[PDB]
Asker: 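A single structure is presented below for examination.
Side chains are part of it too, since the values below use all heavy atoms of this structure and drop only hydrogens, waters and symmetry mates. By convention in this document, chain letters (A, B, ...) are assigned in the order of the sequence lines, proteins followed by strands, and residues within each chain are numbered from 1.
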Amino acid sequence: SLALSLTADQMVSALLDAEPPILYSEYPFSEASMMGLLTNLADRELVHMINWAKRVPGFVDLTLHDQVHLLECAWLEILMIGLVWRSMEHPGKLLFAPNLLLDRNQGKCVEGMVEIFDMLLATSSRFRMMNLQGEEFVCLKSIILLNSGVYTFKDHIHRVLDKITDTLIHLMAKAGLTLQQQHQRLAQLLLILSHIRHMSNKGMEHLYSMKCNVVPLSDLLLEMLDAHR
Amino acid sequence: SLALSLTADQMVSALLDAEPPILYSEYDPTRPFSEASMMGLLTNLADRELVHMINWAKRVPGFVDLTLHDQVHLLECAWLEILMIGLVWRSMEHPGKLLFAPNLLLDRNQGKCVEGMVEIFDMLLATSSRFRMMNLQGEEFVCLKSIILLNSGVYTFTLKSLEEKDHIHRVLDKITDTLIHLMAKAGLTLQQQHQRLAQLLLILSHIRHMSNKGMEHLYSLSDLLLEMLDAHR
Amino acid sequence: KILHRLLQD
Amino acid sequence: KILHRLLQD
Ligand SMILES: O=S(=O)(Oc1cccc(Br)c1)[C@@H]1C[C@@H]2O[C@H]1C(c1ccc(O)cc1)=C2c1ccc(O)cc1
Ligand SMILES: O=S(=O)(Oc1cccc(Br)c1)[C@@H]1C[C@@H]2O[C@H]1C(c1ccc(O)cc1)=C2c1ccc(O)cc1
């Protein structure tokens, strides 16, 4: 696999280059309109995520089956870390899109969403307090992709995950951190991944209920959802 | 604060000393089985384990520095993850089996006796296999379990309190130092230490996933487990 | 809460 | 399913 041969700097630039674009929402909120906007947005984002995934080193080396499985498992976690990332510079706010910046109050018009909104806000705050860098973010998001479904099936994925670990440490050492600071920061970042997993599970739980009508979800979102049901 | 003043080796010593015992099931091999009975067994076991878990948590360095409110929240969040990691740990030397208790060793086939348990059994087996492949050490295990306790509910919680979050983050960093210390002692290179640390923490994400899925199935019971489950609703 | 109690003992 | 298609395109 070409991925293992990449240097740390090549891994980072490859990841930064694969980054998907920031999408806009459609041009107060109810419960149907909130869900409509988010569902529409997430749907368009999924298309870009799929093409981003193809460009995560190592992902292309997997069978089509394994690619489907990883994406089905990780898609909501990936949307979430993206959401918290771009919400960083907006304390107390969730920047779903440039033209759709929401606070926890709007989260209320959708039953069960305020709780998850609060978890997302806390994650963003944590990232902000930690001064998470773009290079670290793209490593974390790639980790979520390869890791989340790895035990739901493998050595290749694990070697690739190691490479990403190497890359994270490489970025920290270059940022001037001491050895102790490097390992502490590594752990801090990876533990946050457990919270992102938690948020995804909770959200998913709601989503494959709320499929039970409200809004007619897309066949794609549905298939992504059904994978968890 | 004593937790902060603890050396790595003292951290390890303290954690090992605080380990709960391995409880026995009420499994009667003369008796058939059934969704009802197996779940009675597992529910009865977990309930007794919870009592020991609560008292183990009190001995985790830093835990007693938290308010009673926070202690409750952390245990409500992490209890099943903690039962699960304990389960996968004692199952390491039993490939293809889950050692719920010395007298209760189950395989996936028996996990079918409860609707929807087999998929979770497979995840638990995969995790145990992962631990076995990695040759996880008892010293590493006790660190991981403590990390679960302190981490799982830290983002789920008065401004001033925020110092409560912060004390937890400091203790978490201490445990990380401890893990690294153990690996360096084991002869691992720096690159190897960071890789292993990452591998172990990524497994925690899978343990969270399993707990979430199990919780979902559970709240679909003893008085304590009822109160604990309700916590996740 | 039972949990609260046990934690208090 | 749709994911199959999108992954090859
Ligand atoms: O975790 S959730 O809040 O899941 C829920 C979805 C709907 C209702 C409820 Br309650 C929960 C989730 C996270 C964020 O808000 C919910 C949601 C969403 C995703 C897909 C949909 O089709 C609808 C909504 C979110 C979202 C997050 C990031 C994005 O880039 C886009 C959407
Ligand atoms: O993840 S699960 O399988 O959750 C489920 C619980 C009930 C039904 C179904 Br389906 C799933 C869980 C994990 C393992 O087996 C299920 C279970 C359990 C726990 C409490 C109960 O009251 C009943 C069962 C397990 C268990 C794990 C470790 C222990 O030390 C003790 C029990």
Asker: Measuring only between side-chain heavy atoms, which start at C-beta, is B:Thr127 closer than 4.5 Å to B:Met84?
Answerer: no
Asker: Step by step, would you call B:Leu144 with B:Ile203 a side chain to side chain contact (heavy atoms under 4.5 Å, CB included)?
Answerer: CA-CA 10 Å; B:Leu144 291 185; B:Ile203 297 180; over 6 Å; no
Asker: Taking only residues two or more places apart in sequence, or in another chain, which ones meet A:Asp166 in a side-chain hydrogen bond (donor to acceptor under 3.5 Å, both in side chains)?
Answerer: B:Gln191, B:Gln195
Asker: Determine yes or no for a side-chain-to-main-chain donor-acceptor pair under 3.5 angstrom, with B:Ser205 supplying the side chain and A:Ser194 the backbone.
Answerer: no
Asker: Could you tell me which residues satisfy ring pair (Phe, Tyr, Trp, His ring centres under 6.0 Å) with B:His209, sequence neighbours excluded, listed by chain and number?
Answerer: none
Asker: Using distance alone, with no hydrogens and no angle criterion, decide if A:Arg128 and A:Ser125 have a side-chain donor and acceptor under 3.5 Å apart.
Answerer: yes
Asker: List the atom of A:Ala97, the atom of A:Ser25, and the distance in Å for their closest heavy-atom pair.
Answerer: CB-N, 3.6 Å
Asker: Treating A:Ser13 as the side-chain partner and A:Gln10 as the backbone partner, does any N or O pair qualify as donor plus acceptor under 3.5 Å?
Answerer: yes
Asker: What side-chain donor-acceptor pairs closer than 3.5 Å can you find for residues 1-9 of chain D, not counting sequence neighbours?
Answerer:
{"residue": "D:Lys1", "atom": "NZ", "partner": "A:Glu72", "partner atom": "OE2", "Å": "3.2"}

Asker: Does the side chain of A:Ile196 come within less than 4.5 Å of B:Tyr155's, by heavy atoms?
Answerer: no
Asker: Write down the atom of A:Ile81, the atom of A:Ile78, and the distance for their closest heavy-atom approach.
Answerer: CG2-O, 3.4 Å
Asker: Listed by chain and number, what are the ring pair (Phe, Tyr, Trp, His ring centres under 6.0 Å) partners of A:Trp52, not counting sequence neighbours?
Answerer: none
Asker: If I compare all heavy atoms of B:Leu74 with all of B:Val154, which pair ends up nearest, and what's the gap?
Answerer: CD2-N, 3.9 Å
Asker: If the condition is ring pair (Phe, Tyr, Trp, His ring centres under 6.0 Å), which residues does B:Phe131 pass it with, not counting sequence neighbours?
Answerer: none
Asker: Answer whether the closest heavy-atom distance between the side chains of A:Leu179 and B:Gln193 falls below 4.5 Å.
Answerer: no
Asker: Main chain of A:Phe59, side chain of A:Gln67: is a donor-acceptor contact present, judged purely on distance under 3.5 Å?
Answerer: yes
Asker: Report yes if some heavy atom in the side chain of A:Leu189 is under 4.5 Å from a heavy atom in the side chain of A:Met172; otherwise report no.
Answerer: yes
Asker: Do B:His206 side-chain atoms and A:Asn147 backbone N/O form a donor-acceptor pair below 3.5 Å?
Answerer: yes
Asker: Holding to salt bridge (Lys or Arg N to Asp or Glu O under 4.0 Å), I want the full list of residues that pass it with A:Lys174, two or more places apart in sequence or in another chain.
Answerer: A:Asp9
Asker: In chain order, what residues pass the side-chain contact (heavy atoms from CB on, under 4.5 Å) check against A:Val138, with sequence neighbours excluded?
Answerer: A:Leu15, A:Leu16, A:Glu19
Asker: Can you check whether B:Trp79 reaches B:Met215 side chain to side chain, under 4.5 Å on heavy atoms?
Answerer: yes
Asker: Quick one: do A:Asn40 and A:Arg44 satisfy side chain to side chain contact (heavy atoms under 4.5 Å, CB included)? Show the steps, please.
Answerer: CA-CA 6 Å; A:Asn40 181 279; A:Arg44 286 177 286 121; 2.8 Å; yes
Asker: How far apart are the closest heavy atoms of A:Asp43 and A:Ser218, and which atoms are they?
Answerer: OD1-OG, 2.7 Å
Asker: Please report the shortest heavy-atom distance between A:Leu177 and A:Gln181, naming the atom on each side.
Answerer: CA-OE1, 3.5 Å
Asker: Do the non-hydrogen side-chain atoms of A:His228 and A:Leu76 ever get within less than 4.5 Å of each other?
Answerer: no
Asker: By ring pair (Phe, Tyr, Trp, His ring centres under 6.0 Å), which residues pair with A:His170, not counting sequence neighbours?
Answerer: none
Asker: Are side-chain heavy atoms of B:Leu75 and B:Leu149 found at a separation under 4.5 Å?
Answerer: yes
Asker: Hey, what do you get for OG (A:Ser87) to CG (A:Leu94), rounding to the nearest 0.5 Å?
Answerer: 5.0 Å
Asker: Strictly by salt bridge (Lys or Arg N to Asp or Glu O under 4.0 Å), give each pair with a member in residues 179-201 of chain A just once, sequence neighbours left out.
Answerer: A:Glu77-A:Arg197, A:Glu136-A:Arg185
Asker: Which residues satisfy the side-chain hydrogen bond (donor to acceptor under 3.5 Å, both in side chains) test with A:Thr63, sequence neighbours excluded?
Answerer: none
Asker: Taking the side chain as C-beta and beyond, is there a heavy-atom pair between B:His169 and A:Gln188 under 4.5 Å?
Answerer: no
Asker: Looking at A:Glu223 and A:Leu220, would you say the former's side chain and the latter's main chain have a donor-acceptor pair under 3.5 Å?
Answerer: no
Asker: Listed by chain and number, what are the side-chain contact (heavy atoms from CB on, under 4.5 Å) partners of A:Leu4, not counting sequence neighbours?
Answerer: A:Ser1, A:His156, A:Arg159, A:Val160
Asker: Run the side chain to side chain contact (heavy atoms under 4.5 Å, CB included) check on B:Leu204 and A:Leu190 step by step: do they pass?
Answerer: CA-CA 9 Å; B:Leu204 300 196; A:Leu190 296 179; over 6 Å; no
Asker: Quick check: does any side chain N or O of A:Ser33 sit under 3.5 Å from a backbone N or O of A:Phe29, one acting as donor and the other as acceptor?
Answerer: no
Asker: Is the side chain of A:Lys163 donor-acceptor paired with the backbone N or O of A:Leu6 at a distance under 3.5 Å, no angle test?
Answerer: yes
Asker: By side-chain contact (heavy atoms from CB on, under 4.5 Å), which residues pair with B:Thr176, not counting sequence neighbours?
Answerer: A:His183, A:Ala187, B:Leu197
Asker: Do you know which two heavy atoms are closest between A:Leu146 and A:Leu161, and how far apart they sit?
Answerer: CB-CD2, 4.0 Å
